[PDB]
$ cat entry.txt   # compact mmCIF, C-alpha atoms
# COMPACT_ATOMS: atom_id res chain seq x y z
CA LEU A 159 153.65 81.17 77.29
CA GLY A 160 154.51 84.54 75.77
CA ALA A 161 155.42 82.74 72.54
CA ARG A 162 152.06 80.96 72.44
CA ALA A 163 150.24 84.23 73.10
CA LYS A 164 152.31 86.06 70.48
CA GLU A 165 151.67 83.38 67.86
CA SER A 166 147.91 83.34 68.47
CA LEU A 167 147.56 87.13 68.59
CA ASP A 168 149.83 87.52 65.55
CA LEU A 169 147.66 85.18 63.48
CA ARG A 170 144.60 87.08 64.71
CA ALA A 171 146.17 90.44 63.83
CA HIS A 172 147.23 89.12 60.42
CA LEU A 173 143.65 88.19 59.59
CA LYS A 174 142.51 91.52 61.03
CA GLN A 175 144.95 93.47 58.83
CA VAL A 176 144.01 91.55 55.69
CA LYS A 177 140.40 92.45 56.50
CA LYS A 178 141.34 96.13 56.91
CA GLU A 179 143.04 96.20 53.50
CA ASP A 180 139.71 95.89 51.66
CA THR A 181 138.29 98.86 53.55
CA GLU A 182 141.53 100.78 52.94
CA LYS A 183 141.17 100.28 49.18
CA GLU A 184 137.79 102.01 48.84
CA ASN A 185 135.32 103.36 51.39
CA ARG A 186 132.82 105.67 49.62
CA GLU A 187 132.71 104.71 45.94
CA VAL A 188 130.40 101.78 46.82
CA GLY A 189 127.42 103.99 47.67
CA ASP A 190 125.23 105.43 44.95
CA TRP A 191 125.09 109.18 44.26
CA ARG A 192 122.57 111.94 44.82
CA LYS A 193 119.65 112.65 42.49
CA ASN A 194 116.98 114.16 44.71
CA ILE A 195 113.96 115.90 43.20
CA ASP A 196 113.79 119.68 43.71
CA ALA A 197 113.31 123.02 41.88
CA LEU A 198 111.86 122.68 38.26
CA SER A 199 109.65 125.73 38.97
CA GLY A 200 110.64 127.50 35.71
CA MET A 201 109.27 124.72 33.50
CA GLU A 202 106.21 125.71 31.48
CA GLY A 203 102.56 124.79 32.07
CA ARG A 204 101.42 124.01 28.56
CA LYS A 205 103.58 121.00 27.92
CA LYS A 206 104.62 120.50 24.34
CA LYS A 207 102.72 117.19 24.64
CA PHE A 208 99.03 116.67 25.55
CA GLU A 209 99.78 114.82 28.84
CA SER A 210 98.97 118.34 30.06
CA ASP B 58 60.58 142.62 11.00
CA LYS B 59 63.64 140.60 10.00
CA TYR B 60 65.89 143.38 11.33
CA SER B 61 63.83 143.61 14.53
CA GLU B 62 64.29 139.91 15.30
CA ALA B 63 67.95 140.04 14.23
CA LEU B 64 68.51 143.00 16.58
CA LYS B 65 66.84 141.23 19.51
CA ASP B 66 68.91 138.09 18.91
CA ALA B 67 72.04 140.21 18.43
CA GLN B 68 71.51 142.05 21.71
CA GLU B 69 71.01 138.79 23.62
CA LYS B 70 74.07 137.07 22.12
CA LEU B 71 76.14 140.24 22.58
CA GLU B 72 75.13 140.34 26.25
CA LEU B 73 75.90 136.64 26.74
CA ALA B 74 79.34 136.96 25.14
CA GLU B 75 80.12 140.12 27.12
CA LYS B 76 79.19 138.58 30.48
CA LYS B 77 81.05 135.36 29.62
CA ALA B 78 84.23 137.22 28.75
CA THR B 79 84.07 139.69 31.64
CA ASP B 80 83.86 136.66 33.92
CA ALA B 81 86.74 135.13 31.96
CA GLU B 82 88.92 138.23 32.39
CA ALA B 83 88.16 138.39 36.11
CA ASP B 84 89.17 134.72 36.25
CA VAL B 85 92.34 135.64 34.34
CA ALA B 86 93.36 138.20 36.97
CA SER B 87 92.40 135.99 39.91
CA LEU B 88 94.22 133.00 38.43
CA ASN B 89 97.30 135.14 37.77
CA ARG B 90 97.42 136.02 41.46
CA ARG B 91 96.83 132.39 42.47
CA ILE B 92 99.65 131.20 40.20
CA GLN B 93 102.05 133.80 41.56
CA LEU B 94 101.27 132.93 45.19
CA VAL B 95 101.65 129.19 44.67
CA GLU B 96 104.85 129.85 42.69
CA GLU B 97 106.35 131.88 45.54
CA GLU B 98 105.38 129.12 47.97
CA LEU B 99 107.15 126.70 45.62
CA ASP B 100 110.29 128.85 45.51
CA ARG B 101 110.31 129.02 49.33
CA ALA B 102 109.97 125.25 49.41
CA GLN B 103 112.97 125.00 47.08
CA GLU B 104 115.22 127.04 49.39
CA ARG B 105 114.06 125.02 52.39
CA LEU B 106 114.61 121.75 50.52
CA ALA B 107 118.09 122.85 49.42
CA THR B 108 119.07 123.52 53.02
CA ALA B 109 117.38 120.24 53.92
CA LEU B 110 119.57 118.27 51.53
CA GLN B 111 122.67 120.06 52.87
CA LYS B 112 121.77 119.18 56.47
CA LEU B 113 120.98 115.58 55.49
CA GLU B 114 124.47 115.23 53.99
$ encode --input "entry.txt" --output "structure tokens"
Amino acid sequence: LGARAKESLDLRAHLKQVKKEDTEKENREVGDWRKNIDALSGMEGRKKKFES
Amino acid sequence: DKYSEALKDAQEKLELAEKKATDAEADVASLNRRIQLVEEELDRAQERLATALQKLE
């Protein structure tokens, strides 16, 4: 019985570990980066173009 | 006569220009103050928003 249980759980843990490997490789470089809008106060009012 | 009419017209146009540009200068001062107050509000918003982004992260 212990052998049956070990074989089943070992196969399960082998698939579990192969699944972990992908997460181990990278974990953050999949998300995009920050580019929020803020500041810009110092820019001038009479734009060099007429969309002012 | 020609000088009399020219002087009347000159006085009226002078008065119109003077009132126009006194109003314009008063608007200049008032609009300066409005720009500065909205600019300070904007700066304050920028500090708040900076802290906001930090807290979000």
$ interface_residues --input "entry.txt" --of "chain B" --to "chain A" --cutoff "10 Å" --atoms "all atoms listed in the file" --output "ChimeraX atom specification"
/B:96-97,99-100,102-104,106-107,110,114
$ write_last_selection --input "entry.txt" --atoms "C-alpha atoms" --output "PDB file, in the frame of the given file"
ATOM      1  CA  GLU B  96     104.850 129.850  42.690  1.00  0.00           C
ATOM      2  CA  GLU B  97     106.350 131.880  45.540  1.00  0.00           C
ATOM      3  CA  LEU B  99     107.150 126.700  45.620  1.00  0.00           C
ATOM      4  CA  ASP B 100     110.290 128.850  45.510  1.00  0.00           C
ATOM      5  CA  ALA B 102     109.970 125.250  49.410  1.00  0.00           C
ATOM      6  CA  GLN B 103     112.970 125.000  47.080  1.00  0.00           C
ATOM      7  CA  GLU B 104     115.220 127.040  49.390  1.00  0.00           C
ATOM      8  CA  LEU B 106     114.610 121.750  50.520  1.00  0.00           C
ATOM      9  CA  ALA B 107     118.090 122.850  49.420  1.00  0.00           C
ATOM     10  CA  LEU B 110     119.570 118.270  51.530  1.00  0.00           C
ATOM     11  CA  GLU B 114     124.470 115.230  53.990  1.00  0.00           C
TER      12      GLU B 114
END
$ atom_distance --input "entry.txt" --atom1 "atom CA of residue B:88" --atom2 "atom CA of residue B:70"
26.2 Å
$ atom_distance --input "entry.txt" --atom1 "atom CA of residue A:204" --atom2 "atom CA of residue B:85"
15.8 Å
$ atom_distance --input "entry.txt" --atom1 "atom CA of residue B:90" --atom2 "atom CA of residue B:108"
27.5 Å
$ decode --input "entry.txt" --residues "stretch 74-106 of chain B" --atoms "N, CA, C and O atoms" --output "PDB file, in the first residue's frame"
ATOM      1  N   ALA B  74      -9.650 103.942 -25.465  1.00  0.00           N
ATOM      2  CA  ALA B  74      -8.429 103.155 -25.338  1.00  0.00           C
ATOM      3  C   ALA B  74      -7.977 103.085 -23.887  1.00  0.00           C
ATOM      4  O   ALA B  74      -7.564 102.022 -23.405  1.00  0.00           O
ATOM      5  N   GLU B  75      -8.041 104.213 -23.174  1.00  0.00           N
ATOM      6  CA  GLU B  75      -7.590 104.247 -21.789  1.00  0.00           C
ATOM      7  C   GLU B  75      -8.437 103.334 -20.911  1.00  0.00           C
ATOM      8  O   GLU B  75      -7.901 102.577 -20.094  1.00  0.00           O
ATOM      9  N   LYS B  76      -9.766 103.391 -21.057  1.00  0.00           N
ATOM     10  CA  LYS B  76     -10.612 102.519 -20.246  1.00  0.00           C
ATOM     11  C   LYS B  76     -10.394 101.055 -20.613  1.00  0.00           C
ATOM     12  O   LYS B  76     -10.287 100.196 -19.723  1.00  0.00           O
ATOM     13  N   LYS B  77     -10.313 100.754 -21.916  1.00  0.00           N
ATOM     14  CA  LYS B  77     -10.023  99.398 -22.365  1.00  0.00           C
ATOM     15  C   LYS B  77      -8.765  98.863 -21.698  1.00  0.00           C
ATOM     16  O   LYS B  77      -8.758  97.756 -21.150  1.00  0.00           O
ATOM     17  N   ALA B  78      -7.686  99.647 -21.717  1.00  0.00           N
ATOM     18  CA  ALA B  78      -6.410  99.112 -21.270  1.00  0.00           C
ATOM     19  C   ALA B  78      -6.255  99.155 -19.757  1.00  0.00           C
ATOM     20  O   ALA B  78      -5.514  98.337 -19.206  1.00  0.00           O
ATOM     21  N   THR B  79      -6.959 100.053 -19.064  1.00  0.00           N
ATOM     22  CA  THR B  79      -7.026  99.955 -17.610  1.00  0.00           C
ATOM     23  C   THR B  79      -7.748  98.682 -17.191  1.00  0.00           C
ATOM     24  O   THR B  79      -7.299  97.970 -16.281  1.00  0.00           O
ATOM     25  N   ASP B  80      -8.872  98.377 -17.852  1.00  0.00           N
ATOM     26  CA  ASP B  80      -9.541  97.104 -17.610  1.00  0.00           C
ATOM     27  C   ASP B  80      -8.615  95.937 -17.924  1.00  0.00           C
ATOM     28  O   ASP B  80      -8.586  94.941 -17.193  1.00  0.00           O
ATOM     29  N   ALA B  81      -7.845  96.048 -19.009  1.00  0.00           N
ATOM     30  CA  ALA B  81      -6.944  94.970 -19.396  1.00  0.00           C
ATOM     31  C   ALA B  81      -5.849  94.760 -18.357  1.00  0.00           C
ATOM     32  O   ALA B  81      -5.493  93.620 -18.051  1.00  0.00           O
ATOM     33  N   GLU B  82      -5.301  95.845 -17.804  1.00  0.00           N
ATOM     34  CA  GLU B  82      -4.263  95.719 -16.783  1.00  0.00           C
ATOM     35  C   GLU B  82      -4.823  95.148 -15.482  1.00  0.00           C
ATOM     36  O   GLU B  82      -4.164  94.335 -14.815  1.00  0.00           O
ATOM     37  N   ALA B  83      -6.025  95.582 -15.089  1.00  0.00           N
ATOM     38  CA  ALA B  83      -6.673  94.972 -13.933  1.00  0.00           C
ATOM     39  C   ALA B  83      -6.883  93.480 -14.158  1.00  0.00           C
ATOM     40  O   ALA B  83      -6.668  92.664 -13.249  1.00  0.00           O
ATOM     41  N   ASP B  84      -7.293  93.106 -15.373  1.00  0.00           N
ATOM     42  CA  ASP B  84      -7.419  91.696 -15.718  1.00  0.00           C
ATOM     43  C   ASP B  84      -6.069  90.998 -15.646  1.00  0.00           C
ATOM     44  O   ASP B  84      -5.989  89.836 -15.246  1.00  0.00           O
ATOM     45  N   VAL B  85      -5.002  91.689 -16.048  1.00  0.00           N
ATOM     46  CA  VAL B  85      -3.658  91.118 -15.978  1.00  0.00           C
ATOM     47  C   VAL B  85      -3.318  90.744 -14.543  1.00  0.00           C
ATOM     48  O   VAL B  85      -2.882  89.623 -14.261  1.00  0.00           O
ATOM     49  N   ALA B  86      -3.520  91.680 -13.613  1.00  0.00           N
ATOM     50  CA  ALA B  86      -3.200  91.406 -12.211  1.00  0.00           C
ATOM     51  C   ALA B  86      -4.075  90.285 -11.653  1.00  0.00           C
ATOM     52  O   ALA B  86      -3.580  89.342 -11.008  1.00  0.00           O
ATOM     53  N   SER B  87      -5.387  90.369 -11.901  1.00  0.00           N
ATOM     54  CA  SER B  87      -6.300  89.357 -11.384  1.00  0.00           C
ATOM     55  C   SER B  87      -5.947  87.985 -11.937  1.00  0.00           C
ATOM     56  O   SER B  87      -5.942  86.988 -11.204  1.00  0.00           O
ATOM     57  N   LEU B  88      -5.617  87.921 -13.228  1.00  0.00           N
ATOM     58  CA  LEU B  88      -5.338  86.648 -13.868  1.00  0.00           C
ATOM     59  C   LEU B  88      -3.993  86.106 -13.408  1.00  0.00           C
ATOM     60  O   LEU B  88      -3.824  84.889 -13.314  1.00  0.00           O
ATOM     61  N   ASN B  89      -3.037  86.989 -13.103  1.00  0.00           N
ATOM     62  CA  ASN B  89      -1.796  86.555 -12.469  1.00  0.00           C
ATOM     63  C   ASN B  89      -2.098  85.817 -11.176  1.00  0.00           C
ATOM     64  O   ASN B  89      -1.588  84.713 -10.935  1.00  0.00           O
ATOM     65  N   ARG B  90      -2.906  86.438 -10.310  1.00  0.00           N
ATOM     66  CA  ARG B  90      -3.226  85.799  -9.035  1.00  0.00           C
ATOM     67  C   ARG B  90      -3.982  84.487  -9.240  1.00  0.00           C
ATOM     68  O   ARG B  90      -3.736  83.502  -8.528  1.00  0.00           O
ATOM     69  N   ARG B  91      -4.902  84.448 -10.208  1.00  0.00           N
ATOM     70  CA  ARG B  91      -5.628  83.205 -10.464  1.00  0.00           C
ATOM     71  C   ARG B  91      -4.684  82.104 -10.933  1.00  0.00           C
ATOM     72  O   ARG B  91      -4.787  80.952 -10.490  1.00  0.00           O
ATOM     73  N   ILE B  92      -3.749  82.443 -11.826  1.00  0.00           N
ATOM     74  CA  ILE B  92      -2.787  81.461 -12.312  1.00  0.00           C
ATOM     75  C   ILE B  92      -1.928  80.945 -11.171  1.00  0.00           C
ATOM     76  O   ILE B  92      -1.686  79.740 -11.061  1.00  0.00           O
ATOM     77  N   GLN B  93      -1.450  81.843 -10.304  1.00  0.00           N
ATOM     78  CA  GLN B  93      -0.608  81.386  -9.202  1.00  0.00           C
ATOM     79  C   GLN B  93      -1.382  80.466  -8.261  1.00  0.00           C
ATOM     80  O   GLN B  93      -0.846  79.448  -7.803  1.00  0.00           O
ATOM     81  N   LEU B  94      -2.637  80.809  -7.940  1.00  0.00           N
ATOM     82  CA  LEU B  94      -3.393  79.954  -7.025  1.00  0.00           C
ATOM     83  C   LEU B  94      -3.674  78.585  -7.643  1.00  0.00           C
ATOM     84  O   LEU B  94      -3.528  77.552  -6.972  1.00  0.00           O
ATOM     85  N   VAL B  95      -4.072  78.542  -8.919  1.00  0.00           N
ATOM     86  CA  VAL B  95      -4.314  77.230  -9.513  1.00  0.00           C
ATOM     87  C   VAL B  95      -3.003  76.461  -9.638  1.00  0.00           C
ATOM     88  O   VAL B  95      -2.984  75.232  -9.512  1.00  0.00           O
ATOM     89  N   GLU B  96      -1.885  77.160  -9.862  1.00  0.00           N
ATOM     90  CA  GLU B  96      -0.601  76.480  -9.974  1.00  0.00           C
ATOM     91  C   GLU B  96      -0.188  75.867  -8.642  1.00  0.00           C
ATOM     92  O   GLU B  96       0.351  74.755  -8.608  1.00  0.00           O
ATOM     93  N   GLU B  97      -0.406  76.586  -7.537  1.00  0.00           N
ATOM     94  CA  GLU B  97      -0.089  76.016  -6.230  1.00  0.00           C
ATOM     95  C   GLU B  97      -0.989  74.821  -5.932  1.00  0.00           C
ATOM     96  O   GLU B  97      -0.526  73.811  -5.385  1.00  0.00           O
ATOM     97  N   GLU B  98      -2.288  74.930  -6.250  1.00  0.00           N
ATOM     98  CA  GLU B  98      -3.163  73.766  -6.129  1.00  0.00           C
ATOM     99  C   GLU B  98      -2.617  72.592  -6.934  1.00  0.00           C
ATOM    100  O   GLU B  98      -2.644  71.442  -6.474  1.00  0.00           O
ATOM    101  N   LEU B  99      -2.088  72.869  -8.128  1.00  0.00           N
ATOM    102  CA  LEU B  99      -1.570  71.799  -8.971  1.00  0.00           C
ATOM    103  C   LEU B  99      -0.340  71.168  -8.341  1.00  0.00           C
ATOM    104  O   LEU B  99      -0.197  69.941  -8.339  1.00  0.00           O
ATOM    105  N   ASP B 100       0.564  71.997  -7.815  1.00  0.00           N
ATOM    106  CA  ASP B 100       1.740  71.478  -7.125  1.00  0.00           C
ATOM    107  C   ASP B 100       1.333  70.571  -5.972  1.00  0.00           C
ATOM    108  O   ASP B 100       1.807  69.431  -5.877  1.00  0.00           O
ATOM    109  N   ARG B 101       0.382  71.034  -5.146  1.00  0.00           N
ATOM    110  CA  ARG B 101      -0.116  70.242  -4.021  1.00  0.00           C
ATOM    111  C   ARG B 101      -0.637  68.908  -4.518  1.00  0.00           C
ATOM    112  O   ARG B 101      -0.386  67.852  -3.914  1.00  0.00           O
ATOM    113  N   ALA B 102      -1.363  68.943  -5.633  1.00  0.00           N
ATOM    114  CA  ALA B 102      -1.901  67.725  -6.208  1.00  0.00           C
ATOM    115  C   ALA B 102      -0.756  66.800  -6.578  1.00  0.00           C
ATOM    116  O   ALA B 102      -0.851  65.584  -6.411  1.00  0.00           O
ATOM    117  N   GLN B 103       0.319  67.361  -7.133  1.00  0.00           N
ATOM    118  CA  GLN B 103       1.477  66.555  -7.512  1.00  0.00           C
ATOM    119  C   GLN B 103       2.116  65.862  -6.311  1.00  0.00           C
ATOM    120  O   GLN B 103       2.468  64.681  -6.402  1.00  0.00           O
ATOM    121  N   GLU B 104       2.283  66.561  -5.176  1.00  0.00           N
ATOM    122  CA  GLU B 104       2.835  65.843  -4.016  1.00  0.00           C
ATOM    123  C   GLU B 104       1.890  64.729  -3.592  1.00  0.00           C
ATOM    124  O   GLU B 104       2.319  63.594  -3.325  1.00  0.00           O
ATOM    125  N   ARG B 105       0.590  65.038  -3.523  1.00  0.00           N
ATOM    126  CA  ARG B 105      -0.371  64.033  -3.089  1.00  0.00           C
ATOM    127  C   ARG B 105      -0.319  62.831  -4.017  1.00  0.00           C
ATOM    128  O   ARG B 105      -0.327  61.683  -3.568  1.00  0.00           O
ATOM    129  N   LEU B 106      -0.295  63.085  -5.323  1.00  0.00           N
ATOM    130  CA  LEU B 106      -0.296  62.023  -6.318  1.00  0.00           C
ATOM    131  C   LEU B 106       0.985  61.205  -6.252  1.00  0.00           C
ATOM    132  O   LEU B 106       0.965  59.995  -6.504  1.00  0.00           O
TER     133      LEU B 106
END
